[PDB]
Amino acid sequence: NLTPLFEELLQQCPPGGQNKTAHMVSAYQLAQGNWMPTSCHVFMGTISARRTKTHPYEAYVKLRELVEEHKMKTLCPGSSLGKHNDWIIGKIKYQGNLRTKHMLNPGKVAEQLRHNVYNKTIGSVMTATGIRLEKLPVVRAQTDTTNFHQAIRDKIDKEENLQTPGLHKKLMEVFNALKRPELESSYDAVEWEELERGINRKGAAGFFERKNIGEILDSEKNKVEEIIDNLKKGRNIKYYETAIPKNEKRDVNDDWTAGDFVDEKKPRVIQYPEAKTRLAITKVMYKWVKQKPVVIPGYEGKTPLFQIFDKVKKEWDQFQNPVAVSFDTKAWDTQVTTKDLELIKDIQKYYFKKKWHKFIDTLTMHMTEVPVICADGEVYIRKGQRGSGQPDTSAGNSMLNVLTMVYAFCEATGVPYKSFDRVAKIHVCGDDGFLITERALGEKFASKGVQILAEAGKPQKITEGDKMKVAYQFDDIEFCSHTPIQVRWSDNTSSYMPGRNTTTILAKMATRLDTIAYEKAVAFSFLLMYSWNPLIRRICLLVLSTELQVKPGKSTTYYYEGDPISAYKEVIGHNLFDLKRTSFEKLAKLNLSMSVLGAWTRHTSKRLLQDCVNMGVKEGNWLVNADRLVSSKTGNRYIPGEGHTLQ
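- The deposited coordinates for this entry were obtained by X-ray crystallography, with a reported resolution of 3.8560 Å.

Right under this line is the structure:
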């Protein structure tokens with residue numbers, strides 16, 4: 001009866017190792033009585049206990065006392081600064097004002113010297129149909145400096161999470177089972193041309209950096225190569241990261257993205273090393289941080305969003321009663337421990353050539369304890385954790401996440417590490433992800449996994465009944481802020497597309513953070529993902545019919561060469577005209593938020609179709625005739641030119 005209070009309390013106990021020297025009892029076992037707790041040091045949901053005719057309520061109180069005693073005996077151990085970073089001291093000009101409780105705020109340096117706006121064409125397309133933009137949810141809002149200081153105190157300002165003893169030994173036991181020995185010690189850095197190929201010249205400037213990436217590349221490339229050598233030999237350098245709030249002017253991505261969802265998952269606190277330091281890290285570790293080739297099992301950072309759910313359902317279909325168990329770690333970046341970072345270090349040393357291990361052993365040391373500069377000049381010393389702007393973020397988090405989840409899953413079920421790829425499939429993109437396995441294993445892992453994942457220091461989001469999110473049918477999987485939605489093509493074949501709430505799609509489509517060429521690029525980018533949504537599909541076509549003489553802009557996720565309907569068929573595998581049905585039920589779910597907020601009218605759907613037909617019945621070759629129902633209504637079809645989709 002009193003069993004849950006033990007389970008909730010067990011999520012607060014310090015991680016311990018196997019203690020065979022005493023009796024280790026379960027949370028349900030404690031609720032049965034005749035058991036008095038002997039230590040709040042917990043291991044796999046068990047604690048050392050003695051049998052002594054106890055009342056349950058007493059056992060909890062002794063545990064509450066055991067835990068409270070330790071909490072007031074293991075708080076403020078103390079923050080220390082590493083010598084290799086002493087150089088930052090000489091830069092303080094004023095006293096510190098962060099009022100941090102767990103990390104040093106040694107002072108402030110001297111300072112140096114964006115709005116949410118609507119896309120004029122798209123927005124005029126929506127409004128003309130009765131969509132009320134004001135009713136759409138806010139997206140990509142910025143935050144004030146006072147919330148920023150409190151945000152850092154709220155989420156960053158935390159000591160490293162305690163982890164189970166010897167864990168990283170076990171995590172290496174898992175990695176050895178999925179190493180790719182045909183590549184051991186085979187990675188080398190790439191040359192300047194390969195690095196500059198896929199790069200944004202507008203890469204974010206450091207706090208002490210004046211020039212962007214494109215400027216740093218065009219003129220100070222020699223400076224970057226100097227950084228590498230000092231690291232190549234194990235020499236300290238001026239490592240610092242700049243802290244700005246998400247959607248500040250310098251929240252700019254160095255590398256390509258798969259969609260707007262990546263920006264949505266960025267923490268409230270963006271932390272990145274200098275443009276020059278990022279370039280040095282990227283030129284050296286290119287094959288890792290960009291996962292070329294992919295050696296992280298189930299890493300979907302390169303999988304385009306329109307492929308992922310087709311790719312997964314092919315795995316889904318091979319199980320007897322599959323479930324998908326979601327990973328939902330609370331603010332992952334703040335939970336990377338120092339010991340976790342050397343686990344990636346020891347892994348990066350595995351795949352890199354012998355001539356770079358000193359580089360890695362050194363750069364890890366800096367990342368063990370990083371000096372960070374706020375936008376306003378306040379300086380704090382972060383104990384470990386992952387900076388969202390580091391080049392190793394997605395690569396390092398992803399490989400970190402798989403090992404951690406496999407450990408939690410395998411130890412929860414009894415499945416041996418070497419047998420995993422046989423009884424389960426996993427897919428991750430940074431901290432977000434899930435695993436597929438049989439309902440038996442999935443329900444077992446989902447119930448015990450929350451506590452185990454607390455013992456490894458990756459606490460999950462508080463959920464109902466302390467159980468991980470379990471998907472029992474395919475299109476309930478949630479991944480990368482999207483979810484599978486079925487479509488049936490004209491040839492009676494089925495595929496899945498990335499589904500998402502209609503409200504969210506409209507908002508992210510109608511806005512930007514501070515031209516008509518751009519809006520056609522957005523229209524195409526959204527069309528590749530959301531052609532299942534008849535509202536979006538037709539809005540997108542209308543924008544594409546707008547001033548056909550203009551070429552599409554190239555600043556966003558995708559753009560097209562030539563006729564766009566061809567580009568759709570090139571990557572999707574079917575012509576847009578072949579979309580005959582969108583999954584009936586799932587569309588109802590995703591459109592509900594539209595009616596919840598009242599963002600549309602009872603005739604909005606019809607007014608949009610009727611708006612598209614008006615442009616479509618006129619004689620000639622019109623984009624809107626790609627829509628099967630529009631073409632069914634106009635009697636004419638769209639005949640595509642040549643087309644190609646490019647990033």
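1. Examining the overall build of the protein
Point 1. Helix and strand content of the protein: 23 helices and 19 strands.
Point 2. The C-alpha radius of gyration computed for the protein amounts to 27 Å, which stays within 12% of the reference 26 Å derived for 647 residues, consistent with globular compactness.
Point 3. Reported as C-alpha extents along the three principal axes, the dimensions of the protein are approximately 85 × 60 × 50 Å.

2. Notes on the environment of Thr362
Point 1. Within the secondary structure, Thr362 sits in helix α13 (residues 357-367).
Point 2. For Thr362 and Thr277, which are 85 residues apart along the polypeptide, the C-alpha to C-alpha distance reads 14 Å.
Point 3. Setting aside anything within four residues of it in sequence, one finds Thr362 in contact with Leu231, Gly234 and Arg235.

3. Brief notes about the sheet that holds strand β18 (residues 579-582)
Point 1. The three strands lie next to each other as β15-β14-β18, forming an open sheet whose pairing is antiparallel. Unpaired on one side and paired on the other, β15 (494-499) and β18 mark the two borders of the sheet. Averaged over neighbouring strand pairs, the angle between their axes works out to 40° when direction is ignored.

4. Notes on the side chain of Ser593
Point 1. On the secondary structure map, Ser593 appears in helix α21 (residues 584-597).
Point 2. A polar contact of 3.0 Å, which involves the side chain of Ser593, links it to the side chain of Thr503.
Point 3. Among residues more than four places away in sequence, those in contact with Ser593 are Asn501, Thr502 and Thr503.

5. Focus: the pattern of salt bridges
Point 1. Here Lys355 and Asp188 are joined by a salt bridge, their closest N and O atoms 3.3 Å apart. Of this pair, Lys355 sits in the loop between α12 (338-351) and α13 while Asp188 is found in the loop between α6 (167-176) and α7 (192-197), placing the two residues 167 residues apart along the sequence.
Point 2. One salt bridge in this structure joins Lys276 and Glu274, with 3.0 Å as the shortest N-O distance.
Point 3. Taken together, the shared-partner salt bridges connect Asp260, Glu264 and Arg500 into one network.

6. Details of the environment of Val415
Point 1. Mapped onto the elements of the fold, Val415 is located in the loop between α14 (393-413) and α15 (420-423).
Point 2. In this structure the C-alpha to C-alpha distance between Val415 and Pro273, which are 142 residues apart in sequence, comes to 40 Å.
Point 3. Among all residues touching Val415, those that are not within four sequence positions of it are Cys410, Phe420, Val423 and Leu441.

7. Observations concerning the packing of helix α17 (residues 502-510) against helix α18 (residues 516-530)
Point 1. At a closest axis distance of 11 Å, the pairing of α17 and α18 adopts a crossing angle of 160°. By the angle between their directions, the pair α17 and α18 is classed as roughly antiparallel. The chirality of how α17 crosses α18 is right-handed. Where α17 approaches α18, its residues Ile505, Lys508 and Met509 are matched on the opposing element by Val522, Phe526 and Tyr530.
Point 2. Its residues assigned to classes, the contact of α17 with α18 comprises five nonpolar, no polar and one charged.

8. Considering α14
Point 1. The terminal C-alpha atoms of α14 lie 30 Å apart, and with 21 residues this matches the ideal 30 Å at 1.5 Å per residue to within 8%.
Point 2. Trailing α14 by a residue or two, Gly414 shows a phi angle of about 95°, which is positive.

9. Description of the packing of aromatic side chains
Point 1. Taking the centre distance of 5.7 Å and the plane angle of 85° together, the rings of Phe175 and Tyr350 count as edge-to-face. One end of the pair, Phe175, is in helix α6; the other, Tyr350, is in helix α12, with 175 residues separating them in the sequence.
Point 2. Taking 6.0 Å as the distance between ring centres and 40° as the angle between the ring planes, the aromatic pair formed by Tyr187 and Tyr351 counts as tilted. Here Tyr187 is found in the loop between α6 and α7, whereas its partner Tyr351 is found in helix α12, with 164 residues between them in sequence.

10. Here we look at the pairing of strand β2 (residues 36-43)
Point 1. Sheet topology note: the β2/strand β3 (residues 46-50) ladder contains four bridges and is antiparallel. Considered in β3, the bridge of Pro37 is made with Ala49.

11. Details of the domain arrangement of the protein
Point 1. Entries for the protein in the domain assignment read domain 1 (3-71), domain 2 (145-471) and domain 3 (483-646).
Point 2. Computed over C-alpha atoms only, the centres of domain 1 and domain 3 are separated by 57 Å.

12. Comments concerning the pairing of strand β12 (residues 432-438)
Point 1. Where strand β8 (residues 322-327) and β12 come together, six bridges link them in antiparallel fashion. Paired with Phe327 across the bridge in β12 is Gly433.
Point 2. Hairpin connection, strand β11 (residues 424-429) to β12: the antiparallel pair is bridged by two residues, and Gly430 has positive phi, about 75°.

13. Notes on the sheet that holds strand β6 (residues 241-245)
Point 1. Ordered by their spatial adjacency, five strands build an open sheet running β4-β10-β9-β6-β7, and the pairing between neighbours is mixed. Every interior strand has two partners, whereas the edge strands, β4 (107-108) and β7 (269-273), have only one.
Point 2. Inspection of the sheet shows β4 paired to strand β10 (residues 378-383) by two bridges, in the antiparallel sense. What sits directly across from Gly107, in β10, is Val379.
Point 3. Packed onto the sheet, helix α5 (residues 145-156) meets β6, β7, β9 (369-374) and β10 and runs at close to 85° relative to β7.

14. Things to note about the packing of helix α8 (residues 213-232) against α13
Point 1. Viewed as axis vectors pointing N to C, α8 and α13 meet at an angle of 90°, and their least axial separation amounts to 7 Å. In terms of orientation, α8 lies roughly perpendicular with respect to α13. Of the residues in α13, those in contact with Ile228, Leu231 and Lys232 of α8 are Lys358, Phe359, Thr362 and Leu363.
Point 2. In terms of residue class, the contact of α8 with α13 is made up of four nonpolar, one polar and two charged.

Definitions and limits used
- Residues numbered from 1 in each chain as written, not as in the entry; some residues may be left out.
- Heavy atoms only, no water.
- Residues with missing side-chain atoms left out of burial classes, pairs and counts.
- Helix = DSSP H or I, 4+ residues; strand = E, 2+ residues; numbered from the N terminus.
- Rg over C-alpha atoms; globule rule 2.2 N^0.38 Å.
- Contact = heavy atoms within 4.5 Å.
- Pairing = 2+ DSSP bridges.
- Axes fitted to C-alpha atoms, helices over the stretch in contact; angles between N-to-C directions.
- Polar contact = N/O pair within 3.5 Å; in protein donor to acceptor, adjacent residues only side chain to side chain.
- Salt bridge = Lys/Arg side-chain N within 4 Å of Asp/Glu carboxyl O.
- Parallel < 35°, antiparallel > 145°, perpendicular 65-115°, else oblique.
- Left-handed = near helix turned anticlockwise from the far one by under 90°.
- Nonpolar A, V, L, I, M, F, W, Y, C, P; charged D, E, K, R; others polar.
- Expected span 1.5 Å × (residues − 1).
- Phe/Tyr/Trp six-rings, centres within 6.5 Å; stacked < 30°, edge-to-face > 60°.
- Domains from an automatic or database assignment.

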